[PDB]
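Here you get one chain, nothing else, as structure tokens; it is the form deposited in one PDB entry.
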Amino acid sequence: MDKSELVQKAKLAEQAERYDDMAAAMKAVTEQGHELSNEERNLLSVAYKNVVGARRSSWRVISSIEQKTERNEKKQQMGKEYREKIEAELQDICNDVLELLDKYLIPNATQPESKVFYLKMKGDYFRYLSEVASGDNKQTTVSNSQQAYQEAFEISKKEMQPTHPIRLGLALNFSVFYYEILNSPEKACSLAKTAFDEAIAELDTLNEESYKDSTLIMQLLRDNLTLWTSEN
């Protein structure tokens, strides 16, 4: 199968909502060692976000059921083991994408825009690992998520305008990392507010291609800030 066939397969699988097939096809593209187009970047990201996102959603449902269940071993055992099964799937999926990013995508990125895109992804999948990790493993995933986000953040601040959707989307997810993983609401709020303020200060730089994503992300920044500051 040549790359052109794998990409067409990924597109068909997306249309059919067969995200395992979609992710398998884009993993195969990536493992052939050549750099991705913008479209192929989005196919890879959409595929793996749907695959991991199903487990993240399932995990929250099961964890919520455990918390409403009588607190004894016979009533809790199945939910605990089932949650752990979902966690191991999530870890396998995240380890999969993180290997692709570290071995192929990041070292070979040809422009700061794609490099930031991939480092943001690396921070994301280490964040999803951190959502369910524990012990020494969690300290490692939290550290690696922070490092990838911060490196992407430094590059974006040197190379991208504050209205750039990748820079805004990075700042949004980095702020979520601070709030949800590091339990540091002050830095999270300060990062989210600054990202919004810097984009609206340079609103005249927002172009047609970016308008939809950048204004959506700006709204999510405000949505998060109201949610986060409602903990008074």
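Residue positions are given as counts along the sequence shown, with the first one as 1. Here the rigid core means the biggest group of C-alpha atoms that line up within 1.5 Å when the two forms are laid on top of each other.
Another form, the form deposited in another entry, is not on view; read the next lines as being about it.
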On a rigid core superposition, would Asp213 pass a 2 Å threshold for CA movement between this form and the one not shown?
yes
With both forms fitted on the core, give yes or no for whether the Cα of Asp92 moves by 2 angstroms or more between this form and the one not shown.
no
With the core lined up, does the C-alpha of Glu17 move 2 Å or more between this form and the one not shown?
no
Which is it in that other deposited form for the CA atoms of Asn38 and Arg222, closer or farther than here, knowing they shift by 3 Å or more?
closer
